[PDB]
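Down below is the structure, laid out as structure tokens.
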Amino acid sequence: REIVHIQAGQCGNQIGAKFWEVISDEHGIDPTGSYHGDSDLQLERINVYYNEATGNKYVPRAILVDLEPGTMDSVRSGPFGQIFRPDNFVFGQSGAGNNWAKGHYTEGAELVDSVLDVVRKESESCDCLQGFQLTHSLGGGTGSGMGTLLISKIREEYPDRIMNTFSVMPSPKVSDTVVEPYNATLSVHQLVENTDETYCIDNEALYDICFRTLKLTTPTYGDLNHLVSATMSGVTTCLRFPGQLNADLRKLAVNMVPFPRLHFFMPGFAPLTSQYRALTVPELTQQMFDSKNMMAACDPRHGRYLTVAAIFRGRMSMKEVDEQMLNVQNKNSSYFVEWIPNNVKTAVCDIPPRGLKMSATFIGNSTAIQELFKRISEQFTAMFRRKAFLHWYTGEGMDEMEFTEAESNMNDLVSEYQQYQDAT
Amino acid sequence: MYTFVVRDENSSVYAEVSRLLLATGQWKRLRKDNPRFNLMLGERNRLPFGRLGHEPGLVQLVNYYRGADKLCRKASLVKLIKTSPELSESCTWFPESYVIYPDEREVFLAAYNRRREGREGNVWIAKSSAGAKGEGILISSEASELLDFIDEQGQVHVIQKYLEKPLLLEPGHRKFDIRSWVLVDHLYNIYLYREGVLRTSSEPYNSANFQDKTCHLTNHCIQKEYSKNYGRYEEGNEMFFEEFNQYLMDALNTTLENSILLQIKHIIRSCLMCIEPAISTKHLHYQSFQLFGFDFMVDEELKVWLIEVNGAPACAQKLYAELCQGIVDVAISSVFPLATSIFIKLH
Amino acid sequence: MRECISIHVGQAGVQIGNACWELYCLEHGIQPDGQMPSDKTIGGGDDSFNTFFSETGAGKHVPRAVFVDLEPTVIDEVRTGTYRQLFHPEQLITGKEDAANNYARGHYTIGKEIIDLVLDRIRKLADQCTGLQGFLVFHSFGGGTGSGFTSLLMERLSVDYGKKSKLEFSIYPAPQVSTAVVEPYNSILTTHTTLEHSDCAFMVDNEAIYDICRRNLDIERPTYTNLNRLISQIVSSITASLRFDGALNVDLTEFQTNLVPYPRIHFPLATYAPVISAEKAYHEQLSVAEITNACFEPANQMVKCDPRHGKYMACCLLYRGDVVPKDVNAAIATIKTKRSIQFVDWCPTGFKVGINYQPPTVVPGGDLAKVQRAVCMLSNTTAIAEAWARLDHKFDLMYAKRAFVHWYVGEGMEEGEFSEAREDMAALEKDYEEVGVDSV
Amino acid sequence: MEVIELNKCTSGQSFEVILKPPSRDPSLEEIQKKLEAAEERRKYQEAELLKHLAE
Ligand SMILES: Nc1nc2c(ncn2[C@@H]2O[C@H](COP(=O)(O)OP(=O)(O)OP(=O)(O)O)[C@@H](O)[C@H]2O)c(=O)[nH]1
Ligand SMILES: Nc1ncnc2c1ncn2[C@@H]1O[C@H](COP(=O)(O)OP(=O)(O)CP(=O)(O)O)[C@@H](O)[C@H]1O
Ligand SMILES: Nc1nc2c(ncn2[C@@H]2O[C@H](COP(=O)(O)OP(=O)(O)O)[C@@H](O)[C@H]2O)c(=O)[nH]1
Ligand SMILES: COc1ccc(-c2ccc(OC)c(=O)cc2)c(OC)c1OC
Ligand SMILES: [Ca+2]
Ligand SMILES: [Ca+2]
Ligand SMILES: [Ca+2]
Ligand SMILES: [Mg+2]
Ligand SMILES: [Mg+2]
Ligand SMILES: [Mg+2]
């Protein structure tokens, strides 16, 4: 049931590296790849994410990609940097200059075949590959442009495999350059066509959580990534540990995605605390459905849940979990569509994450996600209306028409979500 | 909070029940087809009982007993009485009745010939459930006109001995019928509402001419349209128990309780105990309650006869508030509690 | 003696199969290594237990069973479990990756690739039968494999074994027990395709088993193990007559003869009593009259519905333990004067009774207390159509928006198969209505 | 209320009680066509995808 992980560009590698640190600690893997855990439950599904090496070492099935070396030297110098297969660092020198065209059509195209060579090698040593997970941002050049180029080439070579992404959406509140909405709009169109499930991680939400809830006056990217890595661990619990749910990425897509293009999920996590206090099951369930715990800055009260997955971790009363989960729905039943019966699925795993007696992870397929794409669409149009900053893209050979098409594609996506928000 | 759905928009009674539920602040009305309800106020026909009681974590309650239609259709009521040993063909409070298809066509003529040969009163009435809304009724003394009438309508009818000697209110020499409201809750407690209504005729009772049918049929719609004197004795041709009891004292030196109400309670109890094993929701995966309208006639000997049982009754205007409040107290809040009794419990 | 082959498809079929064969071994005195010290005919024989077990030269008693699943992890538990020695490797068949809760993926995409292998392995078992009577098929409605591959296999079994009877044990989906959103689709698709090919099918609603484990076993959150050991008691009491000396339901043909006079209406309701907690320190043993009375309580039924508001076409009572006919008739007399039991007009009002003197066997350490007498009632009542209505409603809600339909079309299924299957169900519900209800 | 067809063995007994009296399949080839037709639709859809990716 193997998964091949790919991390691309600055954001993609920094969040990817944290993910591997977090789940290596959950499975008992030290930074040299030696297992030193205490429960065989840690090892039962270790092969989903790790290859076993010669000396009984475990190696992440992870490919690290960038068009400049800097961030990947940092990963190699990082805490768990020696755990990765050295042959799986694939990088150029030019950079992508926060430019989707450089990543997708010029600099990235020179590097992409080398990446596929490594992807092919990891897939070859898979007993039966489930599919792929990609971590990247949409606002830069490498993760956004080369990342979506990568997804297109993986689909051509593995058309029957699941493609899953963790995609960081840009926000003016946590912004590097003014062209982020261009890069994000070009990428969303690729994701609509070529992924099966995409976790929408909004840097605006991450910032608000660090500021408003965690009481960090000056959030850094590292603070933002703590939330991402905790969420990534949460949503992959059922892939990584045994439980009564006997389900993989395809079963997730089948039950979460009622229409192929509407596969953009709002993740959330509880608790988020600025701590030794016990969380009760009622509190854990209330917070996990609270907008303030969501990682896409969208108000779920502004739309309707098509489908929800909830994953509880820790030793707690399953009976109380069901009661609260039924309570949450029976109370707010105007936010669930009534034409998908039993559209809220609850799963449980006994192992809690590092440092918590219990936690809960939320995955929502809500029509409110349309607010995210509207926001990007508005920022796109405010510049594109004056053709501002376009020379950076036309100098890589792109035409204005390709921008007009990506803009229409995202507006169509928004209209598709709105069509089901009033569906009765 | 508690949740409910409304699936009968024409119900005067549960419109008011739902109005009261929302005003408690502790009930929320969901859409017609939301399955996550505690309370269903169901449709009259094809109520989907088979979809109740399968929602994890919801105690579900519906305002109809599945199977109570046996008591609440004219044809099946006759069948239920004749074939149930608890009620039996030797049942003294239900008129001689037969079901006729356009089957008991033969036995009805057998008793008809017996009475007419004995020169006894031989007036019968033919009616049906499909004959709703004040029409499709024939009172005759000749069996020919009764059977010829049913074949033309083309639906399952009942022929019943017409009570030729009714109790007649004075002044006016006038006919009436008694409506009693009965609530059966989820524990199958049988509650009789204290307040009944007499639905009166405005015209003097004429035993010679059964063709007019204004002084013979006491329905509020036939008196509102076809009757002179409508309203002169009582507002809306409705006499309530206090006045009627006072009348029975002044006129006949007895009380409503002794002369009539013991029989009414006896009949209600007999009918509902008879069908209890068929419709009880004790030990079922969902619970039922239901409001019933029992219609009674009183003869000149102060003998009470059951005429029919209504499964979706309305209420008299001045009694809507009290009874609807009683429904919430006894049938709904007893299952879904919020944060003197108007009913007589028939044991 | 005439052999029966059991076929277990998908996770639910396999895990229930394990609970059944474990219980069969305890009932017949077969140890996990397959030896049976009481079988004095070494290497052969045509005893009643040989309907379900073959015999090797070394005295090993081998289930006439095939286990099929499209991923390996559930059957791998069988291969390393307590009863691993019971089965040959040829009998345990696993694919590489499962059907992803998708009927179309189990039926068309993966099923096309594994069906000939499965039929080959069944043929190997058939070739050891002197007089094979047919097949018992265990599967869920809800799984991609349980729904999609089962219907493909049933079609091919009709081709390859045309004169052989086929019985189903089918797990009907419930949200309290790990259901997927698309299970109503899979349930309707597999019922439509399997209907013509199954002679008698026993539906078990996971909701009813769940609640029996909560109420009567005092298990707050039942697992599949709790669920399946209760199910295997009901299955055991249904198949006991094929495996023990007796004169009722002695071959598969007799199941349809006794329970199914109308071929499309072939879904008998099972009701079982008593279910008593083994942790109950103090228990009063229940009489014939009390366990028989309990057969008419919805709370003891394998599918929750109300038989008072349907009609019976047939009714069989299967007792295990200390029961004599005189108690049964005295108990039936009492119940007929208390309960609403109405048969259709063109059927006799009565009961076929079977008694086996051996009380139920209970799995050591299990949840079920040992009792001195138990009964399973199999009744063909139109009330079971309430379960079809519930499922068709849920189908209709999603299908009106075509939610999830693309997953099935993407496996090569035509959209028209959805409405074709829904149309079949509509005719089925109409058939129950014509049989079971009088005009209002 | 009558008992009929009483059979007795050392393992148990069986009998009947009557309270009241009363008053085509697809061939192997056809299955093969269906499975191949679905596979062709799968191949057709995959060829459209790869055509789209070639553009
Ligand atoms: N009673 C019972 N139900 C089960 C069991 N396992 C699964 N189920 C039910 O079966 C349905 C899920 O289908 P599965 O049988 O697990 O699926 P499958 O046939 O393996 O198909 P795929 O895994 O989709 O290829 C759900 O309704 C489960 O609740 C079991 O051991 N016992
Ligand atoms: N057997 C009988 N003998 C004498 N009068 C009778 C009778 N049956 C009915 N009536 C009179 O005819 C009227 C109408 O009869 P019936 O009860 O069938 O009408 P209905 O079904 O409309 C009552 P409801 O409006 O409460 O449903 C009764 O109110 C009564 O006055
Ligand atoms: N959450 C998060 N966002 C980041 C991080 N690094 C960059 N970003 C965001 O990612 C976008 C820039 O893309 P980046 O990954 O740096 O460019 P790339 O290297 O060309 O892919 C902007 O929206 C940044 O706010 C990070 O470590 N965490
Ligand atoms: C690999 O992990 C999972 C695979 C499948 C599911 C899942 C989700 C949602 C469902 O209904 C909306 C469902 O029916 C089944 C499984 C799921 O949600 C519990 C998973 O964990 C997030
Ligand atoms: Ca170059
Ligand atoms: Ca032998
Ligand atoms: Ca056949
Ligand atoms: Mg950067
Ligand atoms: Mg009426
Ligand atoms: Mg499976």
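Structure summary
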item	result
Anisotropy class of the stretch C:182-296 from Cα gyration tensor, a/c 1.5 cut	oblate
222 nm mean residue ellipticity, helices alone, for chain B (DSSP H n ≥ 4; -39,500 (n - 2.57); rounded to 500)	-8000 deg cm²/dmol
Within straight-line cross-link reach of residue C:352, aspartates and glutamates at Cα separation under 17 Å, skipping those fewer than 8 residues along the same chain	C:245, C:251, C:254, C:327, D:2, D:5, D:16
Gain upon complete extension [residue A:178, residue A:53; 0.36 nm per residue less C-alpha separation]	40.5 nm
Label-point separation in nm, residue A:220 to residue C:427, each point 7 Å along Cα→Cβ	7.1 nm
Antiparallel content of DSSP bridges confined to the protein assembly as shown, in %, to 5	55 percent
Förster-model FRET efficiency, 30 Å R0, residue C:116 and residue C:77, C-beta, rounded to 0.05	0.70
Chain A - mean residue ellipticity at 222 nm from DSSP helices (-39,500 (n - 2.57) per run, n ≥ 4, rounded to 500)	-12500 deg cm²/dmol
For the stretch A:369-424, size of Cβ-based charge dipole, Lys and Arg +1, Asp and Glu -1, in debye	320 debye
Computed [θ] at 222 nm, deg cm²/dmol, chain C (DSSP H ≥ 4; -39,500 (n - 2.57); rounded to nearest 500)	-11500 deg cm²/dmol
Where a label projected 7 Å from the Cα of residue C:406 along Cα→Cβ would reach, residues of the stretch A:167-208 with amide N under 13 Å	A:191-198
Candidate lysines for bridging to residue B:82, where Cα separation is under 21 Å - those fewer than 8 sequence places away on the same chain excluded	B:70, B:74, B:127, B:161, B:265, B:303, C:336, C:338, D:20
Estimated inter-spin distance, residue A:157 and residue B:33, nm [label 7 Å along Cα→Cβ]	4.7 nm
Semi-axis lengths (Å, descending) of the ellipsoid that matches the C-alpha gyration tensor of chain C	31, 29, 21
Shielding score for C:93-100, defined as the mean number of other chain Cβ atoms within 10 Å	4
Signed unit charges on C-beta, dipole axis of the stretch A:1-258, positive-most listed residue A:163, A:222, A:32	A:222
Spin-label pair residue B:233/residue A:354, simplified geometry with 7 Å Cα→Cβ offset, distance in nm	9.1 nm
q = 0.09, 0.11, 0.14, 0.17 Å⁻¹: log10 I(q)/I(0) that the Debye formula gives for the stretch B:47-160, counting C-alpha atoms only	-0.34, -0.47, -0.67, -0.88
20 Å reach of a label modelled at residue B:242, 7 Å along Cα-to-Cβ, counting backbone N of the stretch B:302-340	B:315-326, B:340
Angstrom value of the Kirkwood radius, inverse mean 1/r, which spans all Cα pairs in the protein assembly as shown	35.0 Å
Point-charge dipole on Cβ atoms (K/R +1, D/E -1) for the stretch A:231-336, about Cα centre, debye to 20	200 debye
Taking C:245, C:392 and counting other C-beta atoms within 10 Å, the order from fewest to most	C:245, C:392
Antiparallel bridge percentage (DSSP; both residues within the stretch A:259-368; nearest 5)	70 percent
Modelled FRET efficiency - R0 30 Å, residue B:322 with residue B:266, Cβ distances, 0.05 increments	0.75
Intensity falloff of the stretch B:96-164 expressed as log10 I(q)/I(0), Debye formula with alpha-carbon point scatterers, at q = 0.25, 0.28 Å⁻¹	-1.14, -1.40
Shape of the stretch A:1-258, Cα gyration tensor, a/c cut at 1.5	rounded
Sites residue C:338 and residue C:54, calculated FRET efficiency, Cβ-Cβ separation with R0 60 Å, nearest 0.05	0.80
Sorted by Cβ neighbour density within 10 Å, fewest at the top, the residues A:189, A:136	A:189, A:136
Gyration tensor (alpha-carbon) shape descriptor, the stretch C:269-383, a/c threshold 1.5	prolate
The stretch C:304-391, dipole about Cα centre (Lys/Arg Cβ +1, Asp/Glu Cβ -1), debye to the nearest 20	140 debye
Listed pairs B:133/B:175; A:374/B:32; A:121/A:173 exceeding 29 Å between Cα atoms	A:374/B:32; A:121/A:173
Likely footprinting exposure, B:283, C:107, fewest C-beta neighbours within 10 Å first	B:283, C:107
Kirkwood-Stokes translational diffusion coefficient of the stretch A:135-233, alpha-carbon pairs, 25 °C, 0.890 mPa s, µm²/s	173 µm²/s
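Neighbour counts are summed over all protein chains in view; Cβ atoms, including those assigned to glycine, are modelled from backbone coordinates with ideal geometry. Values quoted throughout were computed directly from the atomic coordinates according to the rules given, and no laboratory measurement underlies them.
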